[PDB]
Structure formats: C-alpha cells, structure tokens
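Below: protein_13.txt (compact mmCIF, C-alpha atoms and all ligand atoms)
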# COMPACT_ATOMS: atom_id res chain seq x y z
CA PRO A 1 96.31 93.16 140.81
CA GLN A 2 99.68 93.50 139.11
CA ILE A 3 99.70 91.52 135.85
CA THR A 4 103.01 90.63 134.16
CA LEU A 5 103.24 90.03 130.43
CA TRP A 6 105.00 86.68 129.96
CA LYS A 7 101.51 85.29 129.20
CA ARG A 8 98.51 86.97 127.54
CA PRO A 9 96.72 89.17 130.11
CA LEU A 10 93.44 87.22 129.95
CA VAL A 11 90.83 87.79 132.65
CA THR A 12 87.30 86.73 133.35
CA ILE A 13 84.61 89.33 132.72
CA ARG A 14 80.92 89.24 133.71
CA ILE A 15 78.58 90.75 131.11
CA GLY A 16 74.80 90.14 131.13
CA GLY A 17 75.15 87.39 133.72
CA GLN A 18 77.59 85.51 131.47
CA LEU A 19 81.26 84.79 132.22
CA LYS A 20 83.74 85.19 129.35
CA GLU A 21 87.51 85.40 128.98
CA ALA A 22 88.81 88.68 127.56
CA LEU A 23 92.20 90.16 126.78
CA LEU A 24 93.39 93.35 128.50
CA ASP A 25 94.47 95.24 125.38
CA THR A 26 96.18 98.62 125.90
CA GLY A 27 96.57 98.88 122.10
CA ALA A 28 92.82 98.96 121.63
CA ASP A 29 90.94 102.30 121.92
CA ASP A 30 87.70 100.37 122.10
CA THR A 31 86.27 97.26 123.69
CA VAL A 32 85.29 94.65 121.09
CA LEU A 33 83.59 91.36 121.98
CA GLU A 34 82.88 88.31 119.84
CA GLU A 35 79.34 87.75 118.54
CA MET A 36 76.85 87.63 121.40
CA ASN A 37 73.37 88.87 122.27
CA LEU A 38 73.10 92.06 124.32
CA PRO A 39 69.81 93.85 125.10
CA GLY A 40 68.76 97.34 124.03
CA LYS A 41 69.38 99.55 121.03
CA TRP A 42 72.61 99.32 119.11
CA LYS A 43 74.04 101.32 116.21
CA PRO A 44 75.91 99.93 113.20
CA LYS A 45 79.54 101.10 113.25
CA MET A 46 82.80 100.24 111.53
CA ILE A 47 86.24 99.90 113.13
CA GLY A 48 89.72 99.25 111.77
CA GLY A 49 92.42 96.95 113.13
CA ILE A 50 95.72 95.64 111.83
CA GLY A 51 94.06 93.68 108.99
CA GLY A 52 91.46 96.19 107.82
CA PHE A 53 87.92 97.15 108.69
CA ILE A 54 84.98 95.26 110.15
CA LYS A 55 81.34 96.02 110.88
CA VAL A 56 80.32 96.01 114.53
CA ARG A 57 77.22 96.67 116.61
CA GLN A 58 77.75 99.46 119.15
CA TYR A 59 76.05 99.09 122.54
CA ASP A 60 76.29 102.08 124.90
CA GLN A 61 76.35 102.15 128.69
CA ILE A 62 76.79 98.39 129.20
CA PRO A 63 77.93 97.13 132.63
CA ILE A 64 80.94 94.79 132.66
CA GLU A 65 82.74 93.53 135.76
CA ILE A 66 86.36 93.05 134.76
CA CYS A 67 88.31 90.89 137.16
CA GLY A 68 86.18 92.22 140.07
CA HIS A 69 86.11 95.88 138.93
CA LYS A 70 82.95 97.54 137.68
CA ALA A 71 82.79 99.41 134.38
CA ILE A 72 79.84 100.84 132.48
CA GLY A 73 80.57 101.84 128.93
CA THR A 74 80.57 101.25 125.20
CA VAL A 75 80.96 97.70 123.94
CA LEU A 76 81.35 96.78 120.26
CA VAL A 77 80.22 93.30 119.17
CA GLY A 78 81.58 91.82 115.96
CA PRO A 79 84.18 89.56 114.32
CA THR A 80 87.20 90.19 116.54
CA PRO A 81 89.64 87.26 116.81
CA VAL A 82 89.24 87.38 120.61
CA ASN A 83 87.34 89.37 123.25
CA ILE A 84 89.34 92.51 123.94
CA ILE A 85 89.03 95.03 126.72
CA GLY A 86 90.21 98.38 125.35
CA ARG A 87 91.15 101.73 126.84
CA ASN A 88 87.57 103.03 127.17
CA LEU A 89 87.00 100.49 129.98
CA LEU A 90 90.59 100.03 131.21
CA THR A 91 90.54 103.66 132.32
CA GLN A 92 87.30 103.07 134.23
CA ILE A 93 88.86 100.24 136.31
CA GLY A 94 91.97 102.33 137.02
CA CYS A 95 94.37 100.35 134.84
CA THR A 96 97.85 101.76 134.08
CA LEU A 97 101.09 100.53 132.55
CA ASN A 98 104.09 100.53 134.84
CA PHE A 99 107.79 99.90 134.31
CA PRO B 1 107.14 105.46 134.89
CA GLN B 2 103.36 105.09 135.10
CA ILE B 3 101.37 105.50 131.88
CA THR B 4 97.62 106.12 132.19
CA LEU B 5 95.33 104.98 129.42
CA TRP B 6 93.33 108.18 128.81
CA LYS B 7 95.34 108.47 125.61
CA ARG B 8 97.08 105.89 123.41
CA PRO B 9 100.23 104.71 125.25
CA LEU B 10 102.66 105.95 122.62
CA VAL B 11 106.34 106.19 123.50
CA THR B 12 109.63 106.84 121.73
CA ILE B 13 111.60 103.82 120.60
CA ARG B 14 114.90 103.57 118.80
CA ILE B 15 115.88 100.92 116.30
CA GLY B 16 119.16 101.86 114.55
CA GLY B 17 118.81 105.37 113.32
CA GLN B 18 115.06 105.90 113.26
CA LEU B 19 113.40 107.01 116.42
CA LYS B 20 109.75 106.09 116.11
CA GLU B 21 106.60 106.42 118.16
CA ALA B 22 105.16 103.03 119.19
CA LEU B 23 102.25 101.71 121.25
CA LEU B 24 102.97 99.77 124.41
CA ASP B 25 100.47 97.06 123.52
CA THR B 26 99.56 94.31 126.00
CA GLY B 27 97.25 92.81 123.35
CA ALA B 28 100.08 92.12 120.87
CA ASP B 29 102.03 88.88 121.41
CA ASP B 30 104.93 90.18 119.31
CA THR B 31 106.32 93.56 118.32
CA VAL B 32 105.31 94.73 114.86
CA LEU B 33 106.83 97.78 113.24
CA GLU B 34 105.88 99.77 110.16
CA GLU B 35 107.73 98.98 106.93
CA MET B 36 111.48 99.49 107.24
CA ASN B 37 114.49 97.92 105.55
CA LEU B 38 116.32 96.12 108.36
CA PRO B 39 119.52 94.18 107.69
CA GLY B 40 119.75 90.45 108.36
CA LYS B 41 117.97 87.14 107.88
CA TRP B 42 114.20 86.94 108.32
CA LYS B 43 111.26 84.57 107.84
CA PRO B 44 107.78 85.31 106.45
CA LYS B 45 104.81 85.14 108.77
CA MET B 46 101.14 86.12 108.90
CA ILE B 47 99.65 87.78 111.98
CA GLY B 48 95.95 88.23 112.54
CA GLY B 49 93.82 90.86 114.22
CA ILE B 50 90.64 92.86 113.66
CA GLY B 51 90.05 92.94 109.90
CA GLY B 52 92.11 89.83 109.12
CA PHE B 53 95.77 89.06 108.57
CA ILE B 54 98.81 90.94 107.28
CA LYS B 55 102.03 89.49 105.99
CA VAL B 56 105.19 90.42 107.95
CA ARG B 57 108.94 89.73 107.99
CA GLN B 58 110.19 88.24 111.25
CA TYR B 59 113.69 89.43 112.22
CA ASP B 60 115.30 87.92 115.34
CA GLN B 61 117.59 89.44 117.99
CA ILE B 62 117.02 93.05 117.00
CA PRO B 63 118.09 95.57 119.64
CA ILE B 64 115.48 98.23 120.36
CA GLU B 65 115.58 100.97 123.02
CA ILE B 66 112.15 101.73 124.49
CA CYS B 67 111.98 104.90 126.59
CA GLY B 68 115.67 104.49 127.42
CA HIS B 69 115.25 100.82 128.40
CA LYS B 70 117.25 98.26 126.45
CA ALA B 71 115.48 95.38 124.76
CA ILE B 72 116.50 92.77 122.18
CA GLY B 73 114.32 90.21 120.46
CA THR B 74 111.92 89.42 117.67
CA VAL B 75 110.67 92.31 115.57
CA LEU B 76 108.01 91.74 112.93
CA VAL B 77 108.03 94.20 110.03
CA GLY B 78 105.12 94.80 107.70
CA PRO B 79 102.22 97.04 106.66
CA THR B 80 100.85 97.83 110.11
CA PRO B 81 99.17 101.25 110.49
CA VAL B 82 100.92 101.81 113.83
CA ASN B 83 104.21 100.70 115.38
CA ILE B 84 103.41 98.17 118.12
CA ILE B 85 105.60 97.11 121.04
CA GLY B 86 104.25 93.70 122.00
CA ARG B 87 104.65 91.45 125.02
CA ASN B 88 107.89 89.86 123.81
CA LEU B 89 109.66 93.18 124.54
CA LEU B 90 107.34 94.65 127.17
CA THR B 91 108.52 91.98 129.63
CA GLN B 92 112.12 92.91 128.84
CA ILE B 93 111.64 96.54 129.94
CA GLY B 94 109.78 95.38 133.09
CA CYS B 95 106.30 96.46 132.05
CA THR B 96 103.20 95.39 134.00
CA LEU B 97 99.48 96.18 134.01
CA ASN B 98 98.21 97.44 137.34
CA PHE B 99 94.77 98.17 138.77
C1 LIG A 101 94.07 89.50 118.73
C2 LIG A 101 94.29 90.60 119.74
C3 LIG A 101 94.54 91.97 119.10
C4 LIG A 101 93.38 92.42 118.21
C5 LIG A 101 95.89 91.96 118.38
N1 LIG A 101 96.22 93.31 117.88
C6 LIG A 101 96.79 94.20 118.91
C7 LIG A 101 95.74 95.27 119.24
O1 LIG A 101 96.14 95.95 120.43
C8 LIG A 101 95.49 96.27 118.10
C9 LIG A 101 96.65 97.25 117.86
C10 LIG A 101 96.30 98.22 116.74
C11 LIG A 101 96.03 99.56 117.01
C12 LIG A 101 95.68 100.42 115.99
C13 LIG A 101 95.62 99.99 114.67
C14 LIG A 101 95.88 98.66 114.41
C15 LIG A 101 96.23 97.80 115.43
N2 LIG A 101 94.30 97.01 118.45
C16 LIG A 101 93.12 96.92 117.84
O2 LIG A 101 92.83 96.21 116.91
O3 LIG A 101 92.14 97.79 118.42
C17 LIG A 101 90.92 98.05 117.77
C18 LIG A 101 89.91 98.23 118.89
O4 LIG A 101 90.00 99.62 119.24
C19 LIG A 101 90.49 100.37 118.13
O5 LIG A 101 91.64 101.13 118.47
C20 LIG A 101 92.80 100.68 117.77
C21 LIG A 101 92.26 99.92 116.57
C22 LIG A 101 90.92 99.39 117.06
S1 LIG A 101 97.05 93.29 116.49
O6 LIG A 101 97.41 94.63 116.15
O7 LIG A 101 96.13 92.76 115.53
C23 LIG A 101 98.37 92.35 116.60
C24 LIG A 101 98.32 90.97 116.40
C25 LIG A 101 99.47 90.18 116.52
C26 LIG A 101 100.68 90.80 116.84
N3 LIG A 101 101.82 90.09 116.96
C27 LIG A 101 100.73 92.17 117.03
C28 LIG A 101 99.58 92.94 116.92

Before anything else, please render the file you have as structure tokens.
Amino acid sequence: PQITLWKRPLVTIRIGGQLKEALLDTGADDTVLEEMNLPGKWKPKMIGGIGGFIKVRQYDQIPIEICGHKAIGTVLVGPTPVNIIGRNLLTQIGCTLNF
Amino acid sequence: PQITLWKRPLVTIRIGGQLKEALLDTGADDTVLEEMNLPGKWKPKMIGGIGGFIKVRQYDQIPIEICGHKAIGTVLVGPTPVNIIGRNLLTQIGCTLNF
C-alpha cells in the first residue's frame, strides 16, 4: 500500500500466531516490541532512544507478517512505549519513503 | 524522490541559518530538533520514547525547508541525540510510506 502520514502509520502484524498493532517507524534502526513471550534463545542487549537506554531481549530470525508481507529477522522485546517496526524489517518488506 | 531504508533516512533541512541533517521519521508525531536558540514564544512539553521522556520547547509556525520543500509548523527543541522530522511536517512535503 501507500500510507500517508496524517495519522500514525499503525498496522497489524502477526508474530507467533498472535495479532498486534505496531508502528511503522523509519526513525528506528531496530524492531522493538512490548513485553511478550517468544520461543528460543535470546541474548540480553541494550538500546538507546530519545529518553535514554533500556535493556531488551534480542531474538534472532523471527518471522513476522507485516500488513501481509513476510519478514524474518531480529526482534527486540522490552519496555518500548509502543510496538515499533524498524528499518531492519521495513527493508525486508520493500518499504521506502516517497515525496 | 524515493528513499530506501538500508541506511538512516537522513536529509538536509534548513531552519534560519543552520542547515542540519535530520531523520525523516514516520514514528515521530512531531518534529524535534537538537538544542538551538530560536526566536519567539514557546511552551514547555515532555515527549516520551525508548528510555523515557525529555523536556522540550514547543515553537509554533516555524518555517523549515526539507530537501528543498517548504514546510511550516510546530518544531520541538530539546536534548534529542538526533534531529527528527516528524509527521507534522512530513505530510507538508508530501511524504508517504510505500511497499
Ligand atoms: C513512541 C514511538 C517512537 C519510539 C518515538 N520516537 C521516534 C523514533 O523513530 C526514534 C527516533 C530516534 C532515533 C535515534 C535516537 C533517538 C531517537 N527511534 C527509536 O527510538 O529507535 C530505537 C529503535 O532502533 C534504534 O535506532 C534508533 C534508536 C533506537 S521518539 O524519538 O522517541 C519521538 C517521540 C515523540 C516525538 N514527537 C518525536 C520523537
């Protein structure tokens, strides 16, 4: 689709058989999801945002269907204000900015 | 233009003197710029993201040129690590997400 920006670009994602709303966030290098259970090994990591640093759990090679488009990549789980889809997965679904 | 997301979507903006590099950020509701001493009235505000909140000064009706496109609107100013062009101005320069 083409998504305009008068409203937040929120879309439905499917991860681990669950449906969630997430924000298409071109300002995010990484994909960061609110606290949830994902299977498999994870690694403790830290990331910084506008307000400072948080601790996250890094899950590698996780499938997510974003608005009908398949991605398989790194997902960070931690205390983000909202689920964000960052550039690591936006590139996989062929997302660009246009003006 | 079309901007892929392999790299951070940084572009040149102008606000007065001062050309700056800023992120075209679909995840930011409002534009937030690094500390700078703008003229005019303003109001304090707190904006939240990963890590928590920062305090900013909200200036209204500030003209900004973004990649040669004219925009005018709210510009938040505070201790952000990166200059961020948010949705309030992205719509003004005709910017969409496409995939
Ligand atoms: C609530 C949604 C989202 C977290 C809001 N943020 C915009 C976001 O694009 C920031 C923009 C941002 C970029 C870089 C530093 C700080 C902020 N990115 C971000 O936090 O990304 C993190 C995930 O990947 C990593 O890559 C960048 C930092 C990490 S924000 O910076 O906090 C923000 C919040 C409110 C306004 N008005 C403007 C900006």

Least-squares superpose chain A on chain B across all ordered C-alpha pairs, then write out what you get as a PDB file with C-alpha atoms, in the coordinates of the input.
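Contents of the output file result-v5.pdb:
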ATOM      1  CA  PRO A   1     107.516 105.464 134.448  1.00  0.00           C
ATOM      2  CA  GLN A   2     103.845 105.064 135.301  1.00  0.00           C
ATOM      3  CA  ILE A   3     101.716 105.622 132.185  1.00  0.00           C
ATOM      4  CA  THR A   4      97.976 106.334 132.514  1.00  0.00           C
ATOM      5  CA  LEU A   5      95.541 105.494 129.741  1.00  0.00           C
ATOM      6  CA  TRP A   6      93.515 108.652 129.059  1.00  0.00           C
ATOM      7  CA  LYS A   7      95.733 109.047 125.958  1.00  0.00           C
ATOM      8  CA  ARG A   8      97.336 106.388 123.735  1.00  0.00           C
ATOM      9  CA  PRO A   9     100.503 105.073 125.434  1.00  0.00           C
ATOM     10  CA  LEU A  10     102.848 106.241 122.655  1.00  0.00           C
ATOM     11  CA  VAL A  11     106.587 106.321 123.319  1.00  0.00           C
ATOM     12  CA  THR A  12     109.727 106.967 121.371  1.00  0.00           C
ATOM     13  CA  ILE A  13     111.779 103.917 120.432  1.00  0.00           C
ATOM     14  CA  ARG A  14     115.315 103.766 118.991  1.00  0.00           C
ATOM     15  CA  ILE A  15     115.819 101.012 116.407  1.00  0.00           C
ATOM     16  CA  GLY A  16     118.806 100.948 114.012  1.00  0.00           C
ATOM     17  CA  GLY A  17     119.770 104.495 114.949  1.00  0.00           C
ATOM     18  CA  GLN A  18     116.300 105.749 113.980  1.00  0.00           C
ATOM     19  CA  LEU A  19     113.721 107.299 116.324  1.00  0.00           C
ATOM     20  CA  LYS A  20     110.084 106.250 115.857  1.00  0.00           C
ATOM     21  CA  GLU A  21     106.859 106.542 117.835  1.00  0.00           C
ATOM     22  CA  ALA A  22     105.310 103.233 118.890  1.00  0.00           C
ATOM     23  CA  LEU A  23     102.278 102.152 120.871  1.00  0.00           C
ATOM     24  CA  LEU A  24     102.652 100.105 124.069  1.00  0.00           C
ATOM     25  CA  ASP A  25     100.142  97.374 123.224  1.00  0.00           C
ATOM     26  CA  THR A  26      99.412  94.783 125.939  1.00  0.00           C
ATOM     27  CA  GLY A  27      96.894  93.160 123.556  1.00  0.00           C
ATOM     28  CA  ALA A  28      99.638  92.286 121.107  1.00  0.00           C
ATOM     29  CA  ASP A  29     101.653  89.049 121.588  1.00  0.00           C
ATOM     30  CA  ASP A  30     104.168  90.335 119.082  1.00  0.00           C
ATOM     31  CA  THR A  31     105.938  93.533 118.142  1.00  0.00           C
ATOM     32  CA  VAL A  32     104.937  94.751 114.671  1.00  0.00           C
ATOM     33  CA  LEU A  33     106.495  97.800 113.004  1.00  0.00           C
ATOM     34  CA  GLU A  34     105.503  99.639 109.838  1.00  0.00           C
ATOM     35  CA  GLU A  35     107.527  99.065 106.659  1.00  0.00           C
ATOM     36  CA  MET A  36     111.194  99.853 107.227  1.00  0.00           C
ATOM     37  CA  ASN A  37     114.624  98.481 106.357  1.00  0.00           C
ATOM     38  CA  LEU A  38     116.365  96.319 108.955  1.00  0.00           C
ATOM     39  CA  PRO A  39     119.645  94.444 108.352  1.00  0.00           C
ATOM     40  CA  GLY A  40     120.210  90.689 108.398  1.00  0.00           C
ATOM     41  CA  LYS A  41     118.172  87.636 107.505  1.00  0.00           C
ATOM     42  CA  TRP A  42     114.427  87.647 107.890  1.00  0.00           C
ATOM     43  CA  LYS A  43     111.776  84.958 107.447  1.00  0.00           C
ATOM     44  CA  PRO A  44     108.367  85.382 105.807  1.00  0.00           C
ATOM     45  CA  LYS A  45     105.598  84.939 108.392  1.00  0.00           C
ATOM     46  CA  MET A  46     101.884  85.605 108.683  1.00  0.00           C
ATOM     47  CA  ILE A  47     100.026  87.095 111.655  1.00  0.00           C
ATOM     48  CA  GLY A  48      96.367  87.743 112.413  1.00  0.00           C
ATOM     49  CA  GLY A  49      94.766  90.801 114.000  1.00  0.00           C
ATOM     50  CA  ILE A  50      91.221  92.043 114.431  1.00  0.00           C
ATOM     51  CA  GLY A  51      90.690  92.465 110.662  1.00  0.00           C
ATOM     52  CA  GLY A  52      92.343  89.305 109.354  1.00  0.00           C
ATOM     53  CA  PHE A  53      95.794  88.178 108.337  1.00  0.00           C
ATOM     54  CA  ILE A  54      98.823  89.967 106.933  1.00  0.00           C
ATOM     55  CA  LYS A  55     102.251  88.951 105.678  1.00  0.00           C
ATOM     56  CA  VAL A  56     105.213  90.185 107.695  1.00  0.00           C
ATOM     57  CA  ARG A  57     108.991  89.866 107.673  1.00  0.00           C
ATOM     58  CA  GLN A  58     110.336  88.387 110.916  1.00  0.00           C
ATOM     59  CA  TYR A  59     113.655  89.737 112.213  1.00  0.00           C
ATOM     60  CA  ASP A  60     115.148  87.959 115.243  1.00  0.00           C
ATOM     61  CA  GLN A  61     117.332  89.353 118.010  1.00  0.00           C
ATOM     62  CA  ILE A  62     116.901  93.039 117.107  1.00  0.00           C
ATOM     63  CA  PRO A  63     117.873  95.684 119.698  1.00  0.00           C
ATOM     64  CA  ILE A  64     115.239  98.322 120.496  1.00  0.00           C
ATOM     65  CA  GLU A  65     115.487 100.950 123.229  1.00  0.00           C
ATOM     66  CA  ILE A  66     111.944 101.604 124.393  1.00  0.00           C
ATOM     67  CA  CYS A  67     111.571 104.808 126.349  1.00  0.00           C
ATOM     68  CA  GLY A  68     115.124 104.357 127.744  1.00  0.00           C
ATOM     69  CA  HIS A  69     114.877 100.582 128.369  1.00  0.00           C
ATOM     70  CA  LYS A  70     116.848  98.072 126.340  1.00  0.00           C
ATOM     71  CA  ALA A  71     115.226  95.085 124.649  1.00  0.00           C
ATOM     72  CA  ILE A  72     116.623  92.570 122.183  1.00  0.00           C
ATOM     73  CA  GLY A  73     114.053  90.426 120.471  1.00  0.00           C
ATOM     74  CA  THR A  74     111.803  89.538 117.571  1.00  0.00           C
ATOM     75  CA  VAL A  75     110.394  92.349 115.460  1.00  0.00           C
ATOM     76  CA  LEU A  76     107.828  91.844 112.685  1.00  0.00           C
ATOM     77  CA  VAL A  77     107.746  94.405 109.855  1.00  0.00           C
ATOM     78  CA  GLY A  78     104.621  94.750 107.744  1.00  0.00           C
ATOM     79  CA  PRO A  79     101.343  96.609 107.148  1.00  0.00           C
ATOM     80  CA  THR A  80     100.284  97.385 110.715  1.00  0.00           C
ATOM     81  CA  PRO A  81      98.189 100.556 111.120  1.00  0.00           C
ATOM     82  CA  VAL A  82     100.753 101.832 113.651  1.00  0.00           C
ATOM     83  CA  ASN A  83     104.029 100.716 115.252  1.00  0.00           C
ATOM     84  CA  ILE A  84     103.143  98.456 118.158  1.00  0.00           C
ATOM     85  CA  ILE A  85     105.277  97.176 120.983  1.00  0.00           C
ATOM     86  CA  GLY A  86     103.861  93.802 122.034  1.00  0.00           C
ATOM     87  CA  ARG A  87     104.316  91.481 124.989  1.00  0.00           C
ATOM     88  CA  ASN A  88     107.516  89.832 123.701  1.00  0.00           C
ATOM     89  CA  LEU A  89     109.369  93.120 124.354  1.00  0.00           C
ATOM     90  CA  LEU A  90     107.162  94.603 127.100  1.00  0.00           C
ATOM     91  CA  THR A  91     108.218  91.718 129.330  1.00  0.00           C
ATOM     92  CA  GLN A  92     111.882  92.447 128.601  1.00  0.00           C
ATOM     93  CA  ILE A  93     111.567  96.073 129.835  1.00  0.00           C
ATOM     94  CA  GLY A  94     109.696  94.959 132.966  1.00  0.00           C
ATOM     95  CA  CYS A  95     106.289  96.325 131.983  1.00  0.00           C
ATOM     96  CA  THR A  96     103.189  95.329 134.001  1.00  0.00           C
ATOM     97  CA  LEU A  97      99.565  96.400 134.266  1.00  0.00           C
ATOM     98  CA  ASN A  98      98.500  97.772 137.617  1.00  0.00           C
ATOM     99  CA  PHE A  99      95.154  98.756 139.102  1.00  0.00           C
TER     100      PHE A  99
END

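Once residue B:67 and its same-chain neighbours fewer than 6 positions away are set aside, residues 99 of chain A; 1, 3, 9, 10, 11, 12, 13, 14, 15, 19, 20, 21, 22, 23, 24, 85, 90, 93, 94 and 95 of chain B remain within 12 Å of it when counting only C-alpha atoms.
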
Note to self: Can you pull out every residue with an atom within 7 Å of ligand LIG 101 (chain A)? Use only C-alpha atoms and all ligand atoms and format it as a VMD selection string.
What the structure shows: (chain A and resid 25 to 32 47 to 51 80 to 82 84 86) or (chain B and resid 25 to 32 47 to 50 80 to 82 84 86)

Margin query: Please compute the atom CA of residue A:36-atom CA of residue A:78 distance, one decimal, in Å.
Written below: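 Separation of atom CA of residue A:36 and atom CA of residue A:78: 8.3 Å.
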
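Among B:57, B:43, B:7, B:87, the residue with the shortest atom-to-atom distance to residue B:71, counting all atoms listed in the file, is B:87.
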
Notebook entry, point to check: Suppose you want the space between atom CA of residue A:58 and atom CA of residue A:89; what is it in Å?
Noted result: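 Spanning atom CA of residue A:58 to atom CA of residue A:89 is a straight-line distance of 14.3 Å.
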
Next item on the list: Record the distance separating atom CA of residue A:63 and atom CA of residue A:2, expressed in Å with one decimal.
Entry: 23.0 Å

Item checked: Near-residue B:79 list (8 Å; all atoms listed in the file; drop same-chain fewer than 6 positions) as an NGL selection string -> :B and (34-35 or 54-56)

For the residues in the current selection, export C-alpha atoms as an mmCIF file, in the coordinates of the input.
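As written to disk, again_28.cif reads:
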data_model
loop_
_atom_site.group_PDB
_atom_site.id
_atom_site.type_symbol
_atom_site.label_atom_id
_atom_site.label_comp_id
_atom_site.auth_asym_id
_atom_site.auth_seq_id
_atom_site.Cartn_x
_atom_site.Cartn_y
_atom_site.Cartn_z
ATOM 1 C CA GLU B 34 105.880 99.770 110.160
ATOM 2 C CA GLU B 35 107.730 98.980 106.930
ATOM 3 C CA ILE B 54 98.810 90.940 107.280
ATOM 4 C CA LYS B 55 102.030 89.490 105.990
ATOM 5 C CA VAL B 56 105.190 90.420 107.950
#

Check: Restricting the calculation to only C-alpha atoms, which member of B:52, B:77, B:39, B:60 is positioned closest to chain A?
Finding: B:52

Around all listed atoms of stretch 73-90 of chain A, padded 5 Å per side, what centre and edge lengths does the axis-aligned box have in Å to one decimal, as AutoDock Vina command-line options?
--center_x 85.7 --center_y 95.1 --center_z 122.8 --size_x 20.9 --size_y 25.8 --size_z 26.9

Note to self: Just want the 6 Å neighbourhood of residue B:59, counted on all atoms listed in the file, with same-chain residues fewer than 5 positions away dropped. Output as an MDAnalysis selection string.
What the structure shows: chainID B and resid 42 74:75
